[PDB]
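Have a look at start.pdb; it's PDB, C-alpha atoms:
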ATOM      1  CA  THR A   1     121.263 100.823 134.461
ATOM      2  CA  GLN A   2     120.399 103.430 137.101
ATOM      3  CA  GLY A   3     119.156 101.480 140.135
ATOM      4  CA  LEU A   4     119.254 102.370 143.837
ATOM      5  CA  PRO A   5     121.557 105.400 143.344
ATOM      6  CA  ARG A   6     119.068 106.841 140.864
ATOM      7  CA  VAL A   7     116.229 106.022 143.250
ATOM      8  CA  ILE A   8     118.012 108.354 145.649
ATOM      9  CA  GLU A   9     118.565 110.865 142.807
ATOM     10  CA  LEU A  10     114.757 111.064 142.519
ATOM     11  CA  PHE A  11     113.408 110.738 146.054
ATOM     12  CA  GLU A  12     115.865 113.409 147.220
ATOM     13  CA  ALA A  13     115.191 115.504 144.110
ATOM     14  CA  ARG A  14     118.953 115.896 143.826
ATOM     15  CA  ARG A  15     120.466 117.560 140.771
ATOM     16  CA  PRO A  16     120.995 114.951 138.018
ATOM     17  CA  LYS A  17     124.448 114.059 136.673
ATOM     18  CA  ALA A  18     123.800 114.326 132.953
ATOM     19  CA  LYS A  19     121.262 117.029 133.659
ATOM     20  CA  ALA A  20     119.251 117.538 130.531
ATOM     21  CA  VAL A  21     118.008 120.900 129.403
ATOM     22  CA  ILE A  22     114.456 121.904 128.565
ATOM     23  CA  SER A  23     112.737 124.812 126.860
ATOM     24  CA  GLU A  24     111.725 127.209 129.644
ATOM     25  CA  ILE A  25     108.619 127.991 127.593
ATOM     26  CA  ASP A  26     106.848 127.199 124.320
ATOM     27  CA  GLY A  27     108.853 128.603 121.442
ATOM     28  CA  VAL A  28     109.933 127.543 117.979
ATOM     29  CA  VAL A  29     113.212 125.715 117.737
ATOM     30  CA  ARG A  30     116.140 127.029 115.835
ATOM     31  CA  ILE A  31     119.272 124.989 115.482
ATOM     32  CA  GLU A  32     122.116 127.350 114.781
ATOM     33  CA  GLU A  33     125.618 126.105 115.435
ATOM     34  CA  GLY A  34     128.672 126.903 113.345
ATOM     35  CA  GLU A  35     131.781 125.057 114.356
ATOM     36  CA  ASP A  36     132.387 126.672 117.734
ATOM     37  CA  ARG A  37     129.736 125.462 120.195
ATOM     38  CA  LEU A  38     126.236 123.941 119.903
ATOM     39  CA  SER A  39     123.494 126.547 120.189
ATOM     40  CA  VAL A  40     119.819 125.642 120.060
ATOM     41  CA  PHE A  41     117.521 128.639 120.291
ATOM     42  CA  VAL A  42     113.949 128.365 121.484
ATOM     43  CA  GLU A  43     112.032 131.519 120.498
ATOM     44  CA  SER A  44     108.306 132.159 120.775
ATOM     45  CA  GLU A  45     106.538 135.059 119.065
ATOM     46  CA  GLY A  46     107.619 137.778 121.491
ATOM     47  CA  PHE A  47     109.666 135.695 123.934
ATOM     48  CA  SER A  48     113.193 134.752 122.807
ATOM     49  CA  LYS A  49     115.604 132.590 124.831
ATOM     50  CA  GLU A  50     118.572 130.618 123.395
ATOM     51  CA  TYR A  51     120.371 127.610 124.915
ATOM     52  CA  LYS A  52     124.141 127.056 125.008
ATOM     53  CA  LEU A  53     125.017 123.360 124.627
ATOM     54  CA  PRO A  54     128.135 121.234 124.044
ATOM     55  CA  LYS A  55     128.581 119.855 120.500
ATOM     56  CA  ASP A  56     128.931 116.297 121.803
ATOM     57  CA  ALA A  57     125.636 115.917 123.668
ATOM     58  CA  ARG A  58     122.954 114.272 121.571
ATOM     59  CA  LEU A  59     119.986 116.602 121.143
ATOM     60  CA  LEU A  60     116.518 115.138 120.658
ATOM     61  CA  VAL A  61     114.769 118.251 119.258
ATOM     62  CA  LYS A  62     114.170 118.887 115.558
ATOM     63  CA  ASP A  63     114.752 122.311 113.954
ATOM     64  CA  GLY A  64     111.781 124.674 113.771
ATOM     65  CA  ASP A  65     109.557 122.194 115.560
ATOM     66  CA  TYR A  66     107.175 124.055 117.840
ATOM     67  CA  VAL A  67     107.931 122.740 121.320
ATOM     68  CA  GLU A  68     106.080 123.188 124.599
ATOM     69  CA  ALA A  69     107.173 124.460 128.007
ATOM     70  CA  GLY A  70     109.283 121.983 129.960
ATOM     71  CA  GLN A  71     109.771 119.898 126.817
ATOM     72  CA  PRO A  72     113.137 118.053 126.779
ATOM     73  CA  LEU A  73     116.076 119.129 124.609
ATOM     74  CA  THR A  74     118.897 116.662 125.425
ATOM     75  CA  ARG A  75     118.913 112.966 126.386
ATOM     76  CA  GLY A  76     119.139 112.361 130.127
ATOM     77  CA  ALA A  77     117.413 112.774 133.484
ATOM     78  CA  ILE A  78     115.638 116.118 133.927
ATOM     79  CA  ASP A  79     116.469 118.411 136.892
ATOM     80  CA  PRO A  80     113.495 118.269 139.335
ATOM     81  CA  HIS A  81     113.206 121.935 140.380
ATOM     82  CA  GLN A  82     113.829 123.038 136.790
ATOM     83  CA  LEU A  83     111.085 120.859 135.293
ATOM     84  CA  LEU A  84     108.875 121.923 138.214
ATOM     85  CA  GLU A  85     109.052 125.600 137.359
ATOM     86  CA  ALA A  86     108.939 124.714 133.671
ATOM     87  CA  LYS A  87     105.961 122.428 132.961
ATOM     88  CA  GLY A  88     104.115 123.001 136.246
ATOM     89  CA  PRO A  89     103.149 120.941 139.333
ATOM     90  CA  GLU A  90     101.215 118.191 137.497
ATOM     91  CA  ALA A  91     104.032 116.884 135.261
ATOM     92  CA  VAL A  92     106.500 116.925 138.176
ATOM     93  CA  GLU A  93     104.778 114.026 139.898
ATOM     94  CA  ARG A  94     104.465 112.240 136.533
ATOM     95  CA  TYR A  95     108.181 112.279 135.686
ATOM     96  CA  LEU A  96     109.231 111.432 139.258
ATOM     97  CA  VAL A  97     106.854 108.485 139.773
ATOM     98  CA  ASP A  98     107.296 107.140 136.242
ATOM     99  CA  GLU A  99     111.112 107.095 136.621
ATOM    100  CA  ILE A 100     111.081 105.506 140.079
ATOM    101  CA  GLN A 101     108.829 102.793 138.735
ATOM    102  CA  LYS A 102     111.046 102.652 135.629
ATOM    103  CA  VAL A 103     113.948 101.401 137.703
TER     104      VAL A 103
END
Represent the supplied structure as C-alpha cells.
Amino acid sequence: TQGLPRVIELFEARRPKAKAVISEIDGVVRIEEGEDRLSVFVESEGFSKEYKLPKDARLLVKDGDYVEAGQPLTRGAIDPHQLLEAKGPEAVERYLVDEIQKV
C-alpha cells in the first residue's frame, strides 16, 4: 500500500515515482508500436502529439478511443503540476483529495 509516504507525495505535490502519463489534450488514440519501443499517439483533428512509452508499462487506453484532456494513459499516480495544466484547476483538487482519503 502507499500510506504516510504517499500522503507526503500528495501534500507536497512531489513528482510521483511511477509517474503516469496523460493526454495533454483531447485527441484520438492510436496505438502504434512495432518491436522497438511502445508508442501511443494521441491526435486530435488539427492537433497531433505522440507519447513515447516503455513496452513493459501497462497502458490503460484503448486504440482509437476518443480521450479527453488530462485523461490517464498508464497505471500509476499522476504528476500534480502535469494534471493541473492538463485537465484544469477543478480536477486537481479532486484527484489530490480523493487519493489522500484513499489511503
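Shortest separation to residue 80 in chain A among A:62, A:6, A:37, A:15 occurs at residue A:15, atoms counted being all atoms listed in the file.
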Notebook entry, point to check: Hey, what's within 10 Å of residue 63 in chain A if we count all atoms listed in the file and toss same-chain stuff fewer than 6 positions away? As number ranges by chain, please?
Noted result: A: 28-32, 40-42
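The nearest approach to residue 57 in chain A among the residues A:44, A:71, A:101, A:39, with all atoms listed in the file taken into account, belongs to A:39.
Closest approach to residue 4 in chain A among A:75, A:87, A:94, A:102: A:102, based on only C-alpha atoms.
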Item checked: Nearby residues (only C-alpha atoms) at most 9 Å from residue 100 in chain A, same-chain spacing under 2 positions excluded, as number ranges by chain -> A: 6-7, 10-11, 95-98, 102-103
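Taking CA of residue 68 in chain A as the reference point, CA of residue 99 in chain A is found at 20.7 Å.
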Note to self: List the spatial neighbours of residue 49 in chain A as an MDAnalysis selection string - criterion: any atom at most 9 Å away, all atoms listed in the file, same-chain residues fewer than 2 positions off excluded.
What the structure shows: chainID A and resid 23:25 27 41:44 47 51
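Of the listed residues (A:19, A:26, A:14, A:50), A:26 comes nearest to residue 67 in chain A; the distances count all atoms listed in the file.
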Can I get range 3-18 of chain A with N, CA, C and O atoms filled in, as a JSON list (two decimals), keeping the file's coordinate frame?
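Written out: out05.json:
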[["chain", "number", "residue", "atom", "x", "y", "z"],
["A", 3, "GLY", "N", 119.27, 102.14, 138.84],
["A", 3, "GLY", "CA", 119.16, 101.48, 140.14],
["A", 3, "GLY", "C", 118.98, 102.33, 141.38],
["A", 3, "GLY", "O", 118.52, 103.47, 141.32],
["A", 4, "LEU", "N", 119.31, 101.73, 142.52],
["A", 4, "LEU", "CA", 119.25, 102.37, 143.84],
["A", 4, "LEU", "C", 119.82, 103.80, 143.87],
["A", 4, "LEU", "O", 119.14, 104.70, 144.39],
["A", 5, "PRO", "N", 121.05, 104.02, 143.36],
["A", 5, "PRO", "CA", 121.56, 105.40, 143.34],
["A", 5, "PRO", "C", 120.58, 106.36, 142.69],
["A", 5, "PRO", "O", 120.35, 107.45, 143.21],
["A", 6, "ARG", "N", 120.05, 105.99, 141.52],
["A", 6, "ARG", "CA", 119.07, 106.84, 140.86],
["A", 6, "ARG", "C", 117.83, 107.04, 141.72],
["A", 6, "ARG", "O", 117.30, 108.15, 141.80],
["A", 7, "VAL", "N", 117.36, 105.96, 142.34],
["A", 7, "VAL", "CA", 116.23, 106.02, 143.25],
["A", 7, "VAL", "C", 116.46, 107.18, 144.21],
["A", 7, "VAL", "O", 115.59, 108.03, 144.39],
["A", 8, "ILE", "N", 117.65, 107.21, 144.82],
["A", 8, "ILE", "CA", 118.01, 108.35, 145.65],
["A", 8, "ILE", "C", 117.99, 109.67, 144.87],
["A", 8, "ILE", "O", 117.46, 110.68, 145.35],
["A", 9, "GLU", "N", 118.54, 109.67, 143.65],
["A", 9, "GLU", "CA", 118.56, 110.86, 142.81],
["A", 9, "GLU", "C", 117.17, 111.45, 142.54],
["A", 9, "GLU", "O", 117.04, 112.63, 142.20],
["A", 10, "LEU", "N", 116.14, 110.63, 142.71],
["A", 10, "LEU", "CA", 114.76, 111.06, 142.52],
["A", 10, "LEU", "C", 114.12, 111.46, 143.84],
["A", 10, "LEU", "O", 113.68, 112.60, 144.00],
["A", 11, "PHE", "N", 114.02, 110.50, 144.75],
["A", 11, "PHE", "CA", 113.41, 110.74, 146.05],
["A", 11, "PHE", "C", 113.96, 111.98, 146.76],
["A", 11, "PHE", "O", 113.21, 112.69, 147.43],
["A", 12, "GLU", "N", 115.25, 112.25, 146.58],
["A", 12, "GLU", "CA", 115.86, 113.41, 147.22],
["A", 12, "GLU", "C", 115.84, 114.63, 146.31],
["A", 12, "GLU", "O", 116.30, 115.70, 146.69],
["A", 13, "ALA", "N", 115.27, 114.45, 145.12],
["A", 13, "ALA", "CA", 115.19, 115.50, 144.11],
["A", 13, "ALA", "C", 116.54, 116.18, 143.92],
["A", 13, "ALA", "O", 116.63, 117.40, 143.75],
["A", 14, "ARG", "N", 117.60, 115.38, 143.95],
["A", 14, "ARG", "CA", 118.95, 115.90, 143.83],
["A", 14, "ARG", "C", 119.30, 116.12, 142.36],
["A", 14, "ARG", "O", 118.86, 115.36, 141.49],
["A", 15, "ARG", "N", 120.05, 117.18, 142.12],
["A", 15, "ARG", "CA", 120.47, 117.56, 140.77],
["A", 15, "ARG", "C", 121.09, 116.39, 140.03],
["A", 15, "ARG", "O", 122.06, 115.79, 140.49],
["A", 16, "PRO", "N", 120.51, 116.04, 138.87],
["A", 16, "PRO", "CA", 121.00, 114.95, 138.02],
["A", 16, "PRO", "C", 122.43, 115.15, 137.53],
["A", 16, "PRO", "O", 122.94, 116.28, 137.54],
["A", 17, "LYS", "N", 123.07, 114.06, 137.14],
["A", 17, "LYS", "CA", 124.45, 114.06, 136.67],
["A", 17, "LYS", "C", 124.59, 114.65, 135.28],
["A", 17, "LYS", "O", 125.29, 115.63, 135.05],
["A", 18, "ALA", "N", 123.82, 114.05, 134.38],
["A", 18, "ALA", "CA", 123.80, 114.33, 132.95],
["A", 18, "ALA", "C", 122.82, 115.43, 132.63],
["A", 18, "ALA", "O", 122.40, 115.55, 131.48]]
